[PDB]
Amino acid sequence: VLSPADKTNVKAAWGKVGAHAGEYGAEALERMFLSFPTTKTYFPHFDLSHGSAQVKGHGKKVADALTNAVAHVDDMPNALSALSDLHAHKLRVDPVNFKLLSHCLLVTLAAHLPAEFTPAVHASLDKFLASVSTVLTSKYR
Amino acid sequence: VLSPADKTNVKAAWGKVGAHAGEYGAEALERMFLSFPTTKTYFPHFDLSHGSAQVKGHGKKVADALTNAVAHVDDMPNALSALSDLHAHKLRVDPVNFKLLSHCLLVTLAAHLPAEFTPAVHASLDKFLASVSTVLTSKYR
Amino acid sequence: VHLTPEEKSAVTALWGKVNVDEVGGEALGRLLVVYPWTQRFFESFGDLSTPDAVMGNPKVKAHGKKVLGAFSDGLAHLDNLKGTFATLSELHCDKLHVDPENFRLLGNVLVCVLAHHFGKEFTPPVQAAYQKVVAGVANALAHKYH
Amino acid sequence: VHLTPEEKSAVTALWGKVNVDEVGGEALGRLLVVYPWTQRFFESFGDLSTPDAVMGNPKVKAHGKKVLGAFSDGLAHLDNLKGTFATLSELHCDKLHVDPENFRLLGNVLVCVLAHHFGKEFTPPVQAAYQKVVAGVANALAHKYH
Ligand code: HEM
Ligand code: HEM
Ligand code: HEM
Ligand code: HEM
C-alpha cells in the first residue's frame with residue numbers, strides 16, 4: 001500500500017524527471033537488455049543495438065504509461081486498465097521480468113537524480129514500481 | 001482474483017483433506033526443509049528431524065490458518081489481518097519463501113488426493129495459495 | 001549438479017517406472033492451464049480455451065511425450081547436463097525465443113505430476129532429489145542464452 | 001564467475017574510485033530502509049525507526065565498512081569467489097541464520113548506490129558487469145548453506 005508520504009515522494013521525483021522521461025525509459029530498457037539478456041526474448045523483432053530508434057521510441061511509451069500512473073496515483077488500477085488487459089492477453093510477459101525492469105528504472109533514476117534519490121524516495125519509488133507491476137499483472141489468470 | 005469457480009474448487013478440495021489438515025501441513029513443512037534448505041534459517045530453534053513434535057505442532061497451526069482462509073475466502077484480508085500483522089512486524093520472512101511453501105503444499109495435496117487434484121483444481125489451488133501469500137506480505141512496508 | 005549417489009539412485013529408480021506418454025502430456029497440459037500465459041508459445045496447437053480442450057489436444061500430448069524424451073536423456077547424463085542440452089538451449093533461445101523462467105515453471109509442474117502419480121512413494125527425500133534435477137535441467141537449458 | 005576481461009577491467013577500473021568508508025554504510029543503510037523486514041537481523045544496532053536514524057546510525061556505518069571490505073577482497077579474487085567467501089558463508093548460515101535471498105537484495109541496492117555516486121559514468125555496460133559480480137558474490141555466500 002502506498003502512503004501519503006510515498007505519493008508525495010513519487011510526485012516530486014517524477015516531477016523532476018519531466019521531459020526526460022522518454023529518455024530515461026529508453027535507458028532503462030537498454031540497461032535491462034544488457035544486464036538481463038533473457039529479457040531480449042520478448043523483443044525478437046526489435047533492433048536492440050545501442051541508439052536503436054525502436055528502443056528510444058519504446059522507452060517513450062513505457063515512460064508515458066508511468067506518467068499516467070503518477071497522474072492518477074489514487075486510481076491506478078483503473079488508469080492502467082487498458083494496459084493491464086494488453087499484458088494479460090497479448091504480451092504475456094512473465095511476472096519475474098517486471099522486477100528486472102523496475103530495478104533498471106531505479107538505477108537509471110539514481111544515475112540522473114543525485115539530489116532527489118534519497119533513501120526515502122528510493123523506498124517509495126520501489127514500492128510504486130511494485131504496485132504498477134502488480135496492476136499490470138493482475139489479470140493474468 | 002479468485003473467480004466463483006476457483007472458490008468452489010478450493011472448498012471442495014479442502015473439504016476432503018478434512019481431519020488430515022494437520023498432517024498434510026506437517027508434511028509440506030518437511031518437504032520444504034529438505035527441498036529448499038534455506039528455508040531452515042527461519043527455524044533455528046526447532047528440531048527439524050523427521051517426525052519430531054515441533055514440526056508436527058506447527059503443521060497444525062499452518063493448516064488451521066488455511067482452513068480459516070478457506071472458510072473466509074470472500075474476505076481474506078480481514079480474516080487474516082492479525083496473521084498479516086504478525087508476519088510483517090515479527091516474523092519478517094522474505095517473500096520468496098512463500099512460493100516455496102506453496103509449491104510444497106501443492107505437492108502434498110497431489111500426493112494425498114489423486115482423484116481430486118485435477119488440472120482445473122490444481123490451477124485454483126495455486127491462485128489461492130498465491131492470494132494467501134499476497135495477503136500475508138501486504139503490510140511489509 | 002551436486003547429486004548424492006543415493007539421490008542419483010532415488011531418481012533413476014523412480015524414473016524407471018514412469019509412463020512417459022501419460023506423464024509428458026499431463027505435465028505440459030498443466031503448465032498451460034495453471035500458467036495460462038505460457039500458451040503464447042503454442043498458438044498453432046489449436047483450441048486451448050479451456051482445461052478440457054488443453055488436456056485433450058492431441059498435439060499437446062504428442063509434444064508432452066517429446067519433451068519428456070529429451071528429459072529422460074538428461075537423466076542418463078546427470079554429470080553433464082550442459083553438454084547434453086546445449087543445442088536444445090540454442091534452439092529454445094535463438095529460434096523459439098522462450099524465456100528460461102518458463103523452464104522452472106515446467107519443472108515444478110513436472111514434480112506435482114510425479115507426486116500425483118506415485119503418491120506415497122514420492123516421499124520428501126525423493127522430492128528433494130527431483131527438485132535438484134529439475135533446477136539442473138532448467139539451468140542447462142538456460143546456458144546458451146545471450 | 002564467467003567474466004570477460006572487458007567486464008573485469010571495467011569493474012576493477014571503477015572500483016578504484018570507490019570510497020569504501022562511505023558506500024558501505026550507504027548500501028547497508030538503504031537495505032534497511034527500502035526493505036524494512038531485513039531489520040530483523042540488526043535489532044542490537046539500536047534505533048532504526050526513521051530513514052535518518054538508520055542512515056546516520058554509527059553501528060550501521062561501521063558495519064557497512066566491514067561488509068564492503070570483504071567485498072573488495074572478492075574483487076581481488078574473482079576467479080575464486082567460492083573459496084574466498086567460504087568461512088563467511090558458513091557463518092551467515094550456521095551462526096547468524098540469514099536467508100540468502102538477503103544477499104541478492106543487498107547486491108541490487110549496492111548497484112543503485114554505485115549508480116547514485118557515479119552518474120553517467122555508470123554506463124549500462126558497466127552495470128551489466130557489476131550485476132554479474134553481485135550475483136557471483138551472492139551465490140558464493142549461499143554456497144555453504146545446508
Ligand atoms: C513498468 C512496467 C511496464 C510498463 C509500464 C510497460 C508499458 C508498455 C507499453 C505502454 C507498451 C506499448 C503497448 C501498446 O500500447 O501497444 C508496452 C509494450 C511492450 N512491452 Fe512493456 N511495459 C512494462 C514492462 C515490460 C517488461 C517487463 C517487458 C518484458 C521484458 C515488456 C515487454 C513489452 C513488449 C514485448 C511490448 C510490445 C513490443 C512491440 O511493440 O512489439 N514490458 N509496454
Ligand atoms: C502459506 C503461508 C503461511 C502461513 C499461512 C503461515 C502460518 C503461520 C502461523 C499461523 C503461524 C503461527 C502464528 C502465531 O505465532 O500464532 C506461523 C508461524 C511461523 N511461520 Fe508461518 N506461515 C506461512 C508461511 C511461512 C513461510 C513461507 C515461512 C518461512 C519459510 C514461515 C515461517 C514461520 C515462522 C519462523 C513462524 C514462527 C514459529 C515460531 O517461532 O514458533 N511461515 N506461520
Ligand atoms: C524441461 C524443459 C524443456 C525441454 C527439455 C523441452 C524440449 C523440447 C524439445 C525436444 C522440443 C522439440 C524441438 C524440435 O526438435 O523441434 C521442444 C520444442 C519447443 N519447446 Fe520446449 N522443452 C522444454 C520446455 C519448454 C517450455 C517451458 C516452453 C514454453 C513454455 C517451451 C517451448 C517450446 C516450443 C514453443 C517448441 C516448438 C514447438 C513446435 O514445434 O511448435 N519448451 N522443446
Ligand atoms: C555482500 C554480502 C555480505 C557480506 C560480504 C557480508 C559480510 C559480513 C562480515 C565480514 C561480517 C562480520 C563477521 C563477524 O562478525 O565475524 C558480517 C556480519 C553480519 N552479517 Fe553480513 N555480509 C553480507 C550480507 C549480509 C546481509 C544481507 C545480512 C542480513 C540482512 C547480513 C547479516 C549479518 C549479521 C546479522 C552480522 C553480525 C552482526 C553483529 O555483529 O551483530 N549480512 N557480514
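Line by line, the protein sequences give chains A, C, D and B. The entry's author numbering puts the first residue of the first sequence at 1, with every later residue one more than the last. The entry's author numbering puts the first residue of the second sequence at 1, with every later residue one more than the last. The entry's author numbering puts the first residue of the third sequence at 1, with every later residue one more than the last. The entry's author numbering puts the first residue of the fourth sequence at 1, with every later residue one more than the last. Just so it is clear, CB atoms sit at the ideal spot from N, CA and C, and this is done for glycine as well.
Query raised in the report: Under 8 Å, do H87(C) and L136(C) count as touching if we go by C-beta distance?
Result: Result yes, Cβ atoms of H87(C) and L136(C) sit closer than 8 Å.
Query raised in the report: When every heavy atom of ligand 4 is checked, does at least one fall within less than 7 Å of the C-beta of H92(B)?
Result: Yes, Cβ of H92(B) sits closer than 7 Å to a heavy atom of ligand 4.
Query raised in the report: Any heavy atom of ligand 1 closer than 7 Å to the Cβ of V93(A)?
Result: Checking every heavy atom of ligand 1 against the Cβ of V93(A), one is found closer than 7 Å.
**Report entry** Backbone CA spacing between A76(B) and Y35(D) [nearest angstrom]
**Finding:** Taking the straight line from one Cα to the other gives about 43 Å.
Query raised in the report: Helix, strand or coil: which one does DSSP assign to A130(A)?
Result: In the three-state reduction of the DSSP assignment, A130(A) falls in the helix class.
Report task. Would you decide whether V17(C) is buried or exposed? Buried here means 16 or more other CB atoms lie within 10 Å of its CB. Result -> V17(C) is buried by the Cβ-count criterion.
**Report entry** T84(B) versus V134(B): straight-line alpha-carbon distance, rounded
**Finding:** Straight across, the Cα-Cα distance linking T84(B) with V134(B) is about 14 Å.
Requested in this report: Find the nearest neighbour of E27(A) within the set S49(A), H122(A), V121(A), judged by alpha-carbon distance.
Outcome: Comparing alpha-carbon positions, the option among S49(A), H122(A), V121(A) lying closest to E27(A) turns out to be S49(A).
Report task. Mind listing the chain D neighbours of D126(C)? Cutoff is C-beta to C-beta under 8 Å, in chain order. Result -> Ordered by position in chain D, the residues that pass the 8 Å Cβ test against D126(C) are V34.
Query raised in the report: What do you reckon, is the C-beta of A62(D) under 7 Å from a heavy atom of ligand 3?
Result: No; taking the cut-off as 7 Å, the Cβ of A62(D) has no heavy atom of ligand 3 nearer than that.
**Report entry** For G64(D) and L14(D), believed in contact at Cβ under 8 Å, the rounded distance
**Finding:** For a cut-off of 8 Å, the C-beta gap from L14(D) to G64(D) is around 18 Å, too long to register as a contact.
Query raised in the report: Buried or exposed: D79(D), going by 16 or more other Cβ atoms within 10 Å of its Cβ?
Result: By the 10 Å Cβ count, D79(D) comes out exposed.
Report task. Say yes only if the C-beta of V62(C) is nearer than 7 Å to one or more non-hydrogen atoms of ligand 2, and no if none qualify. Result -> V62(C) Cβ: within cutoff of ligand 2.
Query raised in the report: CB-CB under 8 Å to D73(B), same chain, minus the five flanking residues each way: which ones, in chain order?
Result: Excluding sequence neighbours, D73(B) sits near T84.
Requested in this report: Measuring alpha carbon to alpha carbon, tell me which of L105(C), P44(C), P114(C) ends up nearest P124(D).
Outcome: The alpha carbon of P124(D) has as its nearest neighbour, out of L105(C), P44(C), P114(C), the alpha carbon of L105(C).
Query raised in the report: For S89(B), which of helix, strand or coil comes out of DSSP?
Result: Secondary structure of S89(B) (DSSP, three-state): helix.
Query raised in the report: How about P124(B): is its C-beta nearer than 8 Å to some C-beta of chain C?
Result: Not an interface residue.
**Report entry** Contact set between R141(C) and chain A, taken where Cβ atoms lie within less than 7 Å
**Finding:** Result: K127.
Query raised in the report: Should residue 154(D) be flagged as near chain A, meaning a C-beta pair shorter than 8 Å?
Result: Residue 154(D) cannot be examined here, being either before or after the span of chain D that is shown, 1 to 146.
**Report entry** Within 8 Å, strictly: CB atoms of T108(A) and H97(D)
**Finding:** No, these two residues do not count as a Cβ contact at 8 Å.
**Report entry** C-alpha gap between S44(D) and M55(D), whole angstroms
**Finding:** In a straight line, the C-alpha of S44(D) is about 15 Å away from that of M55(D).
Report task. Starting from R40(B), find everything on chain C with Cβ-Cβ shorter than 7 Å and list it in chain order. Result -> Those within 7 Å of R40(B) in chain C are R92.
Query raised in the report: Is the closest heavy atom of ligand 1 to the C-beta of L2(C) under 7 Å?
Result: Outside the cutoff, so no.
Query - Contact with chain A by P51(B), beta-carbon distance below 8 Å - result: Cβ-Cβ to chain A under 8 Å: yes for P51(B).
Report task. Taking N108(B) as the reference, give the member of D94(A), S133(A), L101(A) with the closest Cα. Result -> Measuring from the Cα of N108(B), the nearest candidate turns out to be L101(A).
Requested in this report: Determine, using beta-carbon pairs with one atom in the stretch 7-16 of chain A and one in the stretch 115-129 of chain A, whether at least three such pairs fall under 8 Å.
Outcome: Because the criterion of three Cβ pairs below 8 Å is met, the stretch 7-16 of chain A and the stretch 115-129 of chain A touch.
Query raised in the report: What number of angstroms, rounded off, separates the C-alpha of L3(B) from the C-alpha of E30(A)?
Result: Roughly 20 Å between the two C-alpha positions.
Query raised in the report: In terms of alpha-carbon separation, which member of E116(A), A130(A), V96(A) lies closest to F36(A)?
Result: Checking every option, the nearest Cα to that of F36(A) belongs to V96(A).
Requested in this report: Please compile the residues from chain C whose C-beta is within a distance smaller than 8 Å of the C-beta of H116(D).
Outcome: One finds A110, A111, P114, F117 in chain C with Cβ atoms closer than 8 Å to the Cβ of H116(D), taken in chain order.
Query raised in the report: Using Cβ-Cβ distances below 8 Å, what residues of the stretch 86-99 of chain D are close to chain A?
Result: Correct list: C93, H97, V98, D99.
Query raised in the report: At a CB-CB cut-off below 9 Å, which residues of chain B make contact with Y42(C)?
Result: The contact set of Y42(C) on chain B, defined by CB atoms closer than 9 Å, consists of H97, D99 in chain order.
Query - Contact residues within the stretch 4-30 of chain D, judged by C-beta distance below 7 Å to chain C - result: So the list reads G29, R30, given in the order they occur along the chain.
Report task. For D126(C), count neighbouring Cβ atoms within 10 angstroms of its own Cβ and tell me buried if that reaches 16, exposed if not. Result -> So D126(C) counts as buried.
Query raised in the report: From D94(C) to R40(B), what distance separates their C-alpha atoms?
Result: Computed Cα separation, rounded: 11 Å.
Requested in this report: Consider the Cβ of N80(D): report whether some Cβ of chain C lies at a distance smaller than 8 Å.
Outcome: Not an interface residue.
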